[PDB]
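In: quick one: experimental structure and sequence below.
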Amino acid sequence: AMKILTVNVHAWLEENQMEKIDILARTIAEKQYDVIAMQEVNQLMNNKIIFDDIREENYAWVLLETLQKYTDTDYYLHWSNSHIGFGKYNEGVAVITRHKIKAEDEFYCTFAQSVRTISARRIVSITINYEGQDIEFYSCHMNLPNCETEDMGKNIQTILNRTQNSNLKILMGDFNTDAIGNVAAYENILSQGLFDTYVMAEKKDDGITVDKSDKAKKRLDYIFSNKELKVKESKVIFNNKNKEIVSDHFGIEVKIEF
Ligand SMILES: [Mg+2]
């Protein structure tokens, strides 16, 4: 039994930011997620390094320090910068985890690899040894499918080919692709040898992750798998129904057993 969460946090670009961080932290605390995957995690280019490449007030780092307020459980942070973002931010992705790790990677899944290009996207992977199996978790934030300088297929192939093994690869995040609207581009995702935990789930809700208040209701965020899994549940979270809103995207919360 393992519980996963993925959430595009729109870091430091949200109104009411501190309360929203607090909501997120409190939730992670109650639920005790094994792995949290986060996209649009920002830090100010001009702030001091704390350590590695992480600058003061990095959203993820703040989240973690807030998390410590509500749980004794040791959480670990792995973050990677992608490109120069909104304003004077570094935009990146992160993974938080309850578990210690065997491996960590940060790499570009895109052809663009310059911090000066919006379409350069770095991925963060984590390897956990769990119940005598090695599992790789990937936090992803992809470009629009129609993006004329990146091939989403190729990019996904880069992620999947980063390690050459027969490990369970779990691949989490914002894919900028509506499973309802642009079906051909969502089908294309799966063509890469991917299984969608939403579809595989025993219990599920409507699955909507972005709401612009059916005209404007979308499913843009996912949790994919390279193998078929026993997926007990797949709920949306932080949507003012199951927990308060913390971003401009809602999060996905998935329960897997193995
Ligand atoms: Mg956004």
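Out: Sure, I can see it. Numbering: from 1, shown residues only.
In: quick one: buried residues of stretch 74-90?
Out: Buried residues in stretch 74-90, counted by 16 or more other Cβ atoms under 10 Å: 75, 77, 78, 79, 80, 81, 82, 83, 84, 85, 89, 90. Backbone N, C-alpha and C define where each C-beta goes, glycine included.
In: again with stretch 245-258
Out: With burial defined by 16+ other Cβ under 10 Å, the residues of stretch 245-258 counted as buried are 245, 246, 247, 249, 250, 251, 252, 253, 254, 255, 256.
In: where do the helices sit along this protein?
Out: Along the chain, counting by DSSP state H, helices occupy 17-31, 59-67, 152-160, 183-190, 197-200.
In: can you list those in CSV and add distance to residue 125 and mean neighbour count?
Out: Listed next are the helices of the chain as CSV, based on distance: least, Cβ to Cβ, whole Å; neighbours: other Cβ atoms under 10 Å:
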stretch, distance to residue 125, mean neighbour count
helix 17-31, 20, 17
helix 59-67, 16, 20
helix 152-160, 8, 18
helix 183-190, 18, 15
helix 197-200, 18, 18
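In: reformat those as JSON lines; add distance to residue 127.
Out: Output for these, formatted as JSON lines (distance: least, Cβ to Cβ, whole Å):
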{"stretch": "helix 17-31", "distance to residue 127": "21"}
{"stretch": "helix 59-67", "distance to residue 127": "19"}
{"stretch": "helix 152-160", "distance to residue 127": "14"}
{"stretch": "helix 183-190", "distance to residue 127": "23"}
{"stretch": "helix 197-200", "distance to residue 127": "19"}
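In: so for residue 173, which of these sits nearest?
Out: Nearest to residue 173, of all these, is helix 152-160, at 10.5 Å by Cβ to Cβ.
In: pretty sure residue 110 sits against residue 150.
Out: Yes: between residue 110 and residue 150 there is a contact under Cβ atoms under 8 Å: 5.5 Å.
In: settle it for me: which of the two has more neighbours?
Out: The neighbour comparison of residue 110 against residue 150 (other Cβ atoms under 10 Å) goes to residue 110, with 24 against 20.
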